[PDB]
Amino acid sequence: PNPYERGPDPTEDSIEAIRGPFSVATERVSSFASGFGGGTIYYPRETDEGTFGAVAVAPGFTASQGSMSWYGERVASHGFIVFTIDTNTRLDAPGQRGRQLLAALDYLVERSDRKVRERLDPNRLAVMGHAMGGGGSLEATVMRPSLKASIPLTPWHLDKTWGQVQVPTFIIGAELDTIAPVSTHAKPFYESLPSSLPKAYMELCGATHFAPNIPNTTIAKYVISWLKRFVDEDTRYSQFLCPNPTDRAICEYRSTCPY
Ligand SMILES: COC(=O)c1ccc(P(=O)(O)OCCOCc2ccccc2)cc1
Ligand SMILES: [Ca+2]
Ligand SMILES: [Ca+2]
Ligand SMILES: [Cl-]
């Protein structure tokens with residue numbers, strides 16, 4: 001009965017697939033837009049099952065949306081509006097990246113053209129980001145507690161305490177990261193999140209700081225599952241999140257399961 005359920009019942013094969021059951025169309029947003037550097041909107045074409053939630057996606061320091069473009073088709077085809085953004089400058093700090101993620105979401109709600117706006121549920125928004133943009137994902141949830149989900153990917157931030165976060169948060173770390181080492185960024189972040197929050201931490205064996213910038217089935221399958229569970233309230237995806245996954249590519253996993 002869940003009004004936000006989209007797509008057939010999932011399997012291990014369907015969440016690993018490079019293409020979900022929805023066909024995807026795109027829209028380029030100029031950098032002239034206020035509040036962020038523009039980006040690319042990826043949306044599902046089919047409307048017979050209802051509107052969709054959205055996730056804004058930020059890159060890291062010195063990087064552009066091209067470092068995140070593969071999340072666009074992969075995630076949107078499982079039933080989401082996906083907005084891979086550019087920041088105002090490639091040198092913006094994490095707090096700036098959080099502010100601009102929220103401006104990108106507000107663009108979708110308030111400014112987008114009819115093709116996008118009529119496919120969107122403005123009540124169900126989420127944030128995701130890489131490196132400093134993962135620090136921005138944390139920042140955005142403090143700025144806006146009504147967000148449905150947050151996914152910081154190999155996140156970087158000098159602030160190590162996130163005990164006021166109220167948004168379900170999934171931190172992905174890279175075991176051999178030397179730029180944002182898991183021992184000094186991802187793990188203290190995760191441990192400082194409220195213990196009553198639905199949250200998870202996944203550490204990828206042998207991975208580096210730029211693992212999130214190339215197609216990665218392990219990232220994709222649980223990014224999709226997390227957005228499904230919390231943006232769509234879709235408990236069909238709880239089976240992949242709880243108990244903790246044991247994929248060979250995972251070297252540590254922590255969670256507040258069951259949820
Ligand atoms: C300001 O403090 C820092 O130097 C610094 C702190 C954090 C991060 P990041 O968002 O986790 O990195 C993501 C992109 O790789 C960085 C990079 C790429 C290419 C050439 C040099 C550096 C980056 C830099
Ligand atoms: Ca702009
Ligand atoms: Ca464990
Ligand atoms: Cl690295």
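Each residue takes its place number in the sequence, starting with 1. Note: hydrogens, waters and symmetry copies are ignored here, and every other heavy atom, side chains too, is used.
- Contact annotation: the side chain of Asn244 approaches that of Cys257 to within less than 4.5 Å [non-hydrogen atoms, C-beta and beyond].
- For the pair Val57/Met128, a side-chain contact is recorded, criterion being any heavy-atom separation below 4.5 Å from C-beta on.
- Side-chain contact between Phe240 and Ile15: present, with at least one pair of heavy atoms (C-beta onward) separated by less than 4.5 Å.
- Counting only residues at least two apart or on different chains, no salt bridge (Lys or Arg N to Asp or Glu O under 4.0 Å) pair has a member in residues 86-105.
- There is no path of hydrophobic side-chain contacts, each under 4.5 Å, that joins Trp162 to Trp156.
- In terms of heavy atoms, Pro8 sits closest to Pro21 at CD-CG, 3.9 Å.
- Judged by distance alone, with hydrogens and angles left aside, the side-chain atoms of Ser192 form a donor-acceptor pair with the main-chain N or O of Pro188 at under 3.5 Å.
- When the side chain to side chain donor-acceptor pair (under 3.5 Å) test is applied to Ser112, the partners found at least two apart in sequence or on another chain are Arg117.
- Across all non-hydrogen atoms, the minimal contact from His157 to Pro94 is CD2-CB, 3.6 Å.
- For residues 207-228, the set of pairs meeting the ring pair (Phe, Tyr, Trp, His ring centres under 6.0 Å) definition, not counting sequence neighbours, comprises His130-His209, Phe170-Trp226, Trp226-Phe230, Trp226-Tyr259.
- Counting non-hydrogen atoms of neighbouring residues, nucleotides and ligands closer than 6.0 angstrom, the CD atom of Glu5 exceeds 12 such neighbours.
- Annotation: salt bridge (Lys or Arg N to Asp or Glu O under 4.0 Å) contacts involving residues 238-259, sequence neighbours excluded, comprise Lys187-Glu252, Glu191-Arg254, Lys221-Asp247, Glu252-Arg254.
- Cation-pi geometry between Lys199 and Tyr190 is met: the NZ or CZ atom falls under 6.0 Å from the ring centre, inside 45° of the normal.
- Judged by distance alone, the side chain of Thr256 and the main-chain N or O of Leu197 form a donor-acceptor pair under 3.5 Å.
- In summary, the aromatic rings of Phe22 and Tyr43 are positioned with their centroids too far apart to meet the 6.0 Å limit.
- Heavy-atom neighbours of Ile18 CD1 from other residues, nucleotides or ligands within 6.0 Å: at or below the threshold of 12.
- Sorted by first and then second residue, the side chain to side chain donor-acceptor pair (under 3.5 Å) pairs involving residues 50-64 (not counting sequence neighbours) form an empty list.
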For the pair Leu147 and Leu105, evaluate side chain to side chain contact (heavy atoms under 4.5 Å, CB included) and give the outcome as yes or no after the intermediate values. CA-CA 10 Å; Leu147 293 166; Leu105 288 176; 3.6 Å; yes
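- Qualifying side chain to side chain donor-acceptor pair (under 3.5 Å) partners for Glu175, counting only residues two or more places apart in sequence or in other chains: none.
- The structure places OG1 of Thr208 at 7.0 Å from CG of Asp177, a figure rounded to the nearest 0.5 Å.
- Applying the salt bridge (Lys or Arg N to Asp or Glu O under 4.0 Å) test to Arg124 and every residue at least two apart in sequence or in another chain returns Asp121, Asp232.
- Nearest heavy atoms, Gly173 versus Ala186: CA-CB, 4.4 Å.
- In this structure, the separation between CD1 on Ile171 and CG on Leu193 is 5.0 Å, given to the nearest 0.5 Å.
- With a 4.5 Å cut-off on side-chain heavy atoms, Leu101 and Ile85 count as touching.
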Verdict with reasoning, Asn88 to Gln96, per side chain to side chain contact (heavy atoms under 4.5 Å, CB included): CA-CA 9 Å; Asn88 284 329; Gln96 299 176 300; over 6 Å; no
N/O donor-acceptor pairs under 3.5 Å from side chains in residues 72-80, not counting sequence neighbours:
unit_1: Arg74; atom_1: NH2; unit_2: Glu16; atom_2: O; d: 3.0
unit_1: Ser77; atom_1: OG; unit_2: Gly20; atom_2: N; d: 2.7
unit_1: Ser77; atom_1: OG; unit_2: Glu73; atom_2: O; d: 3.1
unit_1: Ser77; atom_1: OG; unit_2: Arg74; atom_2: O; d: 3.1
unit_1: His78; atom_1: ND1; unit_2: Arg74; atom_2: O; d: 2.9
unit_1: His78; atom_1: NE2; unit_2: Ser14; atom_2: O; d: 3.0

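- Rounding to the nearest 0.5 Å places CZ of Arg28 at 5.0 Å from OG1 of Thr40.
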Go through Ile41 and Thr26 one step at a time and tell me if the side chain to side chain contact (heavy atoms under 4.5 Å, CB included) criterion holds. CA-CA 5 Å; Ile41 301 170; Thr26 64; over 6 Å; no
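- For the 3.5 Å distance criterion, the side chains of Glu203 and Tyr201 qualify, holding a donor opposite an acceptor.
- No side-chain N or O of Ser69 forms a donor-acceptor pair with one of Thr84 less than 3.5 Å apart.
- The two residues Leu241 and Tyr253 make their nearest non-hydrogen contact at CD2-OH, 4.3 Å.
- Here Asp9 pairs with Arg236 under the side chain to side chain donor-acceptor pair (under 3.5 Å) rule; sequence neighbours left out.
- Remark: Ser34 engages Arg111 in a side chain to side chain donor-acceptor pair (under 3.5 Å) (not counting sequence neighbours).
- Atom CZ of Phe61 sits about 10.0 Å away from atom OG1 of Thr87, to the nearest 0.5 Å.
- Both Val127 and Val116 sit in one connected hydrophobic cluster of ILVMFWY residues. Membership requires side-chain heavy atoms under 4.5 Å apart, directly or through other members.
- Taken together through direct or relayed side-chain contacts under 4.5 Å among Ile, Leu, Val, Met, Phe, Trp and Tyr, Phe36 and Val55 form parts of separate hydrophobic clusters.
- In this structure, CG on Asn216 lies 7.0 Å from OH on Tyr71, to the nearest 0.5 angstrom.
- Taking 4.5 Å as the limit, some side-chain heavy atom of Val142 sits within range of a side-chain heavy atom of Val165.
- A salt bridge (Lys or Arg N to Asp or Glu O under 4.0 Å) check over residues 40-54, counting only residues at least two apart or in different chains, returns nothing.
- Surrounding CD of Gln164 are at most 12 heavy atoms belonging to other residues, nucleotides or ligands under 6.0 Å away.
- By the 4.5 Å heavy-atom criterion applied to side chains, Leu204 and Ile172 are counted as neighbours.
- Under the 4.5 Å side-chain heavy-atom criterion for ILVMFWY residues, no single connected hydrophobic cluster contains both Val167 and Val231.
- Around the CD atom of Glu118, the shell of radius 6.0 Å holds no more than 12 heavy atoms that belong to other residues, nucleotides or ligands.
- Residue pairs meeting the salt bridge (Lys or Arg N to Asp or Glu O under 4.0 Å) criterion with at least one member in residues 139-165, sequence neighbours excluded, are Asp106-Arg144.
- Cluster membership for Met132 and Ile179, using ILVMFWY side-chain heavy atoms within less than 4.5 angstrom, is not shared.
- Minimum interatomic distance between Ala126 and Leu227 (heavy atoms only, all atoms of both residues): CB-CD2, 4.1 Å.
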Walk me through whether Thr169 and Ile151 qualify under side chain to side chain contact (heavy atoms under 4.5 Å, CB included). CA-CA 6 Å; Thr169 296; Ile151 305 178; over 6 Å; no
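- Side-chain contact between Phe83 and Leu108 is present, with at least one heavy-atom pair separated by less than 4.5 Å.
- Interatomic distance, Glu233 CD to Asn2 CG, rounded to the nearest 0.5 Å: 6.0 Å.
- Nearest heavy atoms, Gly53 versus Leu120: C-CD1, 4.5 Å.
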